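Colleague: My complex, part one, positions kept as in the full thing:
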Amino acid sequence: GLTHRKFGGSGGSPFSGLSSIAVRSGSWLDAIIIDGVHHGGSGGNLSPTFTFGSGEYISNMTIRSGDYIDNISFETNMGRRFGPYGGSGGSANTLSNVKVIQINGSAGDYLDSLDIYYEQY
C-alpha cells in the first residue's frame, strides 16, 4: 500500500531526498552512489555525479539488468541525461513519463538490484 502524506505548511522551496546520483561501472554496475552515499563495491570506474536542480526529477529511465544491474541511463524533466553507464548484457527495461521519488536496492561487491519508486504519468 504505497502512499504519501504532507505535514506542515505552504512556504519554502521544494526539495527531494533524491539529490544526486553517481555509479561505479564496468561491464555491469559495481555501485550506485546516492546523495554521496556509496552502495556497492569498489570495482569498475566512477562516473560523474548528477545533481538534480530545483524542480528537476527523473522522468525516463532505462535499466539493463539480469541477476545483476548491467546498465543505467536516465533523462530528467529538464531534458538532461545521465549515462548510459555499464555494459550491454542483460535485458533492457524502460520507465517512461514518470517522476522517480526514490531508488532503493540491494548491493554487495556489485549492484544486485534496484527498487525504483515512482509516479507513473
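Modeller: Received the coordinates, thanks. Numbers count the residues shown, from 1 in each chain, chains lettered A, B, ... in the order given.
Colleague: so how far is residue A:109 from the residue lying closest to residue A:100 once chain neighbours are set aside?
Modeller: Distances taken as CB to CB, 6 or more residues apart in numbering place residue A:58 nearest to residue A:100, at 3.8 Å, with adjacent residues excluded. All C-beta atoms are positioned from the backbone trio N, CA, C, and that covers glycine. Taking CB to CB, to the nearest Å as the measure, residue A:58 and residue A:109 are separated by 26 Å.
Colleague: if we can go back for a sec, can you tell me how far the residue nearest to residue A:100 sits from residue A:12?
Modeller: Separation of residue A:58 from residue A:12 (CB to CB): 22 Å.
Colleague: Who has more neighbours out of those two?
Modeller: Neighbour tally, residue A:58 and residue A:12, criterion other CB atoms under 10 Å: the higher count belongs to residue A:58, 23 against 7.
Colleague: so what's the more buried one up against?
Modeller: When the contact criterion is CB atoms under 8 Å, 6 or more residues apart in numbering, the partners of residue A:58 are A:18, A:74, A:75, A:76, A:98, A:99, A:100, A:118.
Colleague: Need the phi and psi values for it.
Modeller: When read as degrees, to the nearest 10, the backbone of residue A:58 gives phi -70, psi 120.
Colleague: ok, now chain B:
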Amino acid sequence: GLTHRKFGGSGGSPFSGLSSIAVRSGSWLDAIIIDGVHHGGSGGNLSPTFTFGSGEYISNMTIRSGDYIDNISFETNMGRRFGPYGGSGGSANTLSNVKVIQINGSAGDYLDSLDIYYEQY
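Modeller: Putting chain B together with the chains above:
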C-alpha cells in the same frame, strides 16, 4: 499513480536512497539533513545523524507540525529510535506500522513541510 518496480536479482544486502537523517532544531525545525544534504537554515542545534542499517527502515513516525515542522521522532523496525527533536507546539500526527520510502519537503530558512512517501502495512 505511485508505484514501484524491481530490477535485477536477489543477492547483496538491502540499502535505501534514504540512508541517514539529522535535523537542526530549536523550538521548531530549522532544517532536515538527508544523507548529509542540508535542507533548511542554519539556526537551532544540530542533532546527531541517524544512519539506517541494511534492511532497517522507519516503521513508526511522529511529526508535530503547524505551518512549519515543529518536532520529529521515529522508530525503526529494529527498535532503534531518533528524536524527539524540536518544540512542543503544533499538532501531532503519527504514521504507524509503515515502511518509509522517501522524505521530500519544502524549506527556506526553516523547515516548512515534509512529504513522506511510505508503504502502509
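Colleague: ok, and residue A:104, which helix or strand is that part of?
Modeller: Assessed by DSSP states H and E, residue A:104 sits inside strand A:98-107.
Colleague: what about that strand, near chain B?
Modeller: Yes. Against chain B, strand A:98-107 shows contacts by CB under 8 Å from any CB of the partner chain at A:101, A:102, A:103, A:104, A:105, A:106, A:107.
Colleague: Contacts only, for the nearest residue to residue A:43 once chain neighbours are set aside.
Modeller: Leaving aside its sequence neighbours, residue A:43 sits nearest to residue A:30 (CB to CB, 6 or more residues apart in numbering or on different chains; 4.3 Å). By CB atoms under 8 Å, 6 or more residues apart in numbering or on different chains, the residues touching residue A:30 are A:23, A:24, A:40, A:41, A:42, A:43, A:44, A:109, A:110, A:111.
Colleague: Report the two of those separated the most.
Modeller: By the measure CB to CB, A:23 and A:109 form the most distant pair in these, at 14.3 Å.
Colleague: Look at those two and report which has more neighbours.
Modeller: Of the pair residue A:23 and residue A:109, residue A:23 is the one with more neighbours under other CB atoms under 10 Å in any protein chain shown, namely 27 against 13.
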